[PDB]
Amino acid sequence: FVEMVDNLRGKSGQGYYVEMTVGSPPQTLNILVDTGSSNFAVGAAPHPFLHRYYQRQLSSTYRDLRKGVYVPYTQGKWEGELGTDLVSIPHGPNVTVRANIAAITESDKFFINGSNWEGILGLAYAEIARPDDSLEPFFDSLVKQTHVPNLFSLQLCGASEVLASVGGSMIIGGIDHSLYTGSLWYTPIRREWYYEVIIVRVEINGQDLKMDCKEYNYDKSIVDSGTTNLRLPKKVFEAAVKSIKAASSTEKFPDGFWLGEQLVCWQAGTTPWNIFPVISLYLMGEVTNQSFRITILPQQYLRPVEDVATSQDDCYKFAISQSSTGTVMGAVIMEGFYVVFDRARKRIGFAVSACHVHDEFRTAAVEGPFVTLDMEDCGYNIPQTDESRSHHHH
Ligand SMILES: NC1=N[C@@]2(c3ccc(F)cc3F)COCC[C@H]2CS1
C-alpha cells in the first residue's frame, strides 16, 4: 500500500482528489474522492474552470451508452452523456477496469475555480447513483472485475495568493497500519445508499447536549469526504454554537463568524486554542448498547485561511454549518482520523490518524466502549413519498 500513500492532493476547502486515467490511450484527470455520491463523472466539454477535460473521441475503448444523465443537487447541477471506458488509478491498485463514466457536457456551480480537479469519483452505493441504481458505481465494477477486496480507506490530512495545499491517502482494498495509531473502532453502516451511520450522543467539552438522539440523525447522518464542513441539523447546530460560544465567551466574535461568512484573526502563533472546546460524537458500536466516541479538536473545526491584507495574523473560518438534510461528517471530521469504509462487513472504522493537526495539551481521539442500558433507537425513518414507494426493484 506504500504505492498508495500520499496519492491525494487538493486545496483547503476545495476537496481531495486522486489522479486517474480514462480511455485508450489513457487521458489523465484529477478526480475528487467523494463518499457522498455514487457516479463517476468527468468534465467532457469546455468550461471556464477546467484546464482539461475527457475527450471521448480520442479513446479507442470508449463505448457510448446512448443515454443522458441529469444531476441537480442543493447548491448546483451537472449533466452529461453516459458511456463506458477503461479506467485506472496510477497511484492505486495495478489494475484497469471497464467502468461507467458520465461525460459532463453542461454544469452549474459544480467545478471549483482553482480546485485542480476535473471530475468526481462517487464511492457510495448504487442506490443513490443517477439516473438510477442500475448504473453500477466505479467501486462495484472494480471489485467485480478484479481480485481487489471490497474495502477502501481514507487518511485525509489537513493543512498569501493561493489557498493552502492539502494531502492524504486513499488505500484501495486494504488498511495501511502506518496511517493510524491505537485501536480501530467500527460503527455499522445503517443502510447502503450513502455511508449512513448513527450518532447516539454529542458532547461539547464533556458536556452532553441532552437532546433526543434521533435529532442527531435527523433525517440521516453520513460520512462524506465530498463535504468540507461538519454539517449539523438546525436544532443540533443551534445547541452546538450556543455551547461553543459559552466555552469561548472570553472573546466575542461577530455573528458572521458563527455563520461561517467571516474570519476571526489573532497575532501569528497566538491563537487561544484552549478557549475552544473539543467536540465528541458517540457513534453506535457493533455491539448493541455500546458506542465509541470520536473527539475533534478546534484545530479541525476552525479552518485556517491566509488573509492577503493581514498576513501577520493567523485567520480562521468556523467550519461547522447548518443542514436541512441531516448530519454531514465532512473533511473537518475525517481529518482527525483514518477512516475505513469496510463495505464487505457493512461497517465504518475510525482510528486516530498518524497525520492529524494537534497541540501539546489535547489530541483527536477514538475511545470506547461506552455502554447504555435500554438504549432508544437513534435512527430516523424518512417519510415514504408516493414516488419512492412506486419504484420497482428487480
Ligand atoms: N458529497 C457531495 N457531492 C457532490 C459534490 C461535492 C463536491 C463538489 F465540489 C461538487 C459537488 F457537486 C456531488 O454529488 C452530488 C451532491 C454534491 C454536494 S455534496
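Scoring rules and cut-offs
Residues numbered from 1 in each chain as written, not as in the entry; some residues may be left out. Heavy atoms only, no water. Helix = DSSP H or I, 4+ residues; strand = E, 2+ residues; numbered from the N terminus. Rg over C-alpha atoms; globule rule 2.2 N^0.38 Å. Buried < 20%, exposed > 50% of the residue type's maximum accessible area, 1.4 Å probe, protein only. Salt bridge = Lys/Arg side-chain N within 4 Å of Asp/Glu carboxyl O. Pairing = 2+ DSSP bridges. Axes fitted to C-alpha atoms, helices over the stretch in contact; angles between N-to-C directions. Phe/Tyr/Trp six-rings, centres within 6.5 Å; stacked < 30°, edge-to-face > 60°. UniProt positions renumbered as here; feature names shortened; annotations may be inferred. Contact = heavy atoms within 4.5 Å. Polar contact = N/O pair within 3.5 Å; in protein donor to acceptor, adjacent residues only side chain to side chain. Near = heavy atom within 4 Å. Nonpolar A, V, L, I, M, F, W, Y, C, P; charged D, E, K, R; others polar. Domains from an automatic or database assignment.

Looking at the entry header, you'll see X-ray crystallography listed as the method and 1.9800 Å as the resolution.

Q: Is there a simple way to explain the overall build of the protein in this structure?
A: Looking only at helices and strands, the protein features 6 helices and 26 strands. Expected size for 394 residues packed as a compact globule is a radius of gyration near 21 Å; at 21 Å, the protein falls within 12% of this value. Principal axes of the C-alpha set define a box for the protein whose edges measure 65 × 55 × 45 Å. Per-residue burial over the protein gives 53% buried out of 394 residues.

Q: How should I be thinking about the pattern of salt bridges in this particular structure?
A: Side-chain pairs of opposite charge can arise where the charged atoms are in close proximity. Going through the model one piece at a time under the given rule, you end up with 19 salt bridges. In this structure, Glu79 engages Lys77 in a salt bridge whose closest nitrogen and oxygen atoms are separated by 3.3 Å. Judged by its relative accessible area of 23%, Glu79 falls in the partly exposed class. Across the salt bridge formed by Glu203 and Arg201, the nearest N and O atoms sit 2.7 Å from each other. Several salt bridges converge on common partners, so that one network encompasses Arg201, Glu203 and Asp208.

Q: How should the sheet that holds strand β20 (residues 302-305) be read in this particular structure?
A: The strands making up a sheet are joined through hydrogen bonds of the backbone, oriented either antiparallel or parallel. Spatially, β17-β21-β20 is the arrangement adopted by the 3 strands of the open sheet, whose pairing is antiparallel. The strands lining the two open edges of the sheet, one partner per strand, are β17 (264-267) and β20. Strand-to-strand twist of the sheet, defined as the mean angle between neighbouring strand axes without regard to direction, takes the value 35°.

Q: Explain the packing of aromatic side chains here, please?
A: For any pair of aromatic rings, the description consists of the separation of the ring centres together with the inter-plane angle of the planes. Inspection of the entire model under this criterion finds 30 aromatic pairs. An angle of 70° between the planes, with centres 4.9 Å apart, marks the rings of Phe110 and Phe111 as edge-to-face. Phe110 sits in the buried class, given a relative accessible area of 9%. What makes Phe111 buried here is its relative accessible area of 6%. Taking the centre distance of 6.0 Å and the plane angle of 65° together, the rings of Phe253 and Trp258 count as edge-to-face. In terms of burial, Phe253 and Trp258 fall into one category: buried. Through a chain of ring-to-ring contacts, three or more aromatic side chains come together here, namely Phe253, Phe257, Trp258, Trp266, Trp273, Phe276, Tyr301, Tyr316 and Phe318.

Q: Could you clarify how one ought to interpret the UniProt feature "active site" in the protein in this entry?
A: Within this structure's numbering, the places UniProt gives as "active site" are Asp34 and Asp224. By secondary structure assignment, the location of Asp34 is in strand β3 (residues 27-34). Once residues lying within four places of it in the same chain are set aside, the contact partners of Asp34 are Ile120, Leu121, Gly122, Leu123, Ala124, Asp224, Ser225 and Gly226. Only 2.9 Å separates the side chain of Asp34 from the backbone nitrogen of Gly36, close enough to count as a polar contact. Residue position: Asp224 is located in the loop between β15 (221-223) and β16 (230-233). Classification of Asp224 by relative accessible area gives buried; the value is 7%. Excluding anything up to four places from it in sequence, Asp224 contacts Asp34, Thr35, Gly36, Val328, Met329, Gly330, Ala331 and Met334. Within the structure, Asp224 has its side chain in polar contact with the backbone nitrogen of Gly36 (distance 3.1 Å).

Q: Mind showing me how you'd approach the site of the ligand here?
A: Lining the immediate environment of the ligand, one finds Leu32, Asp34, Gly36, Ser37, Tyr73, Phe110, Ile112, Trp117, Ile120, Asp224, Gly226 and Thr227. Here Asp224 contributes a side-chain N or O atom positioned 2.7 Å from a nitrogen atom of the ligand. In terms of residue class, the shell around the ligand is made up of 6 nonpolar, 4 polar and 2 charged. A domain-level breakdown of the shell around the ligand finds at least three residues from each of domain 1 (16-148) and domain 2 (149-394).

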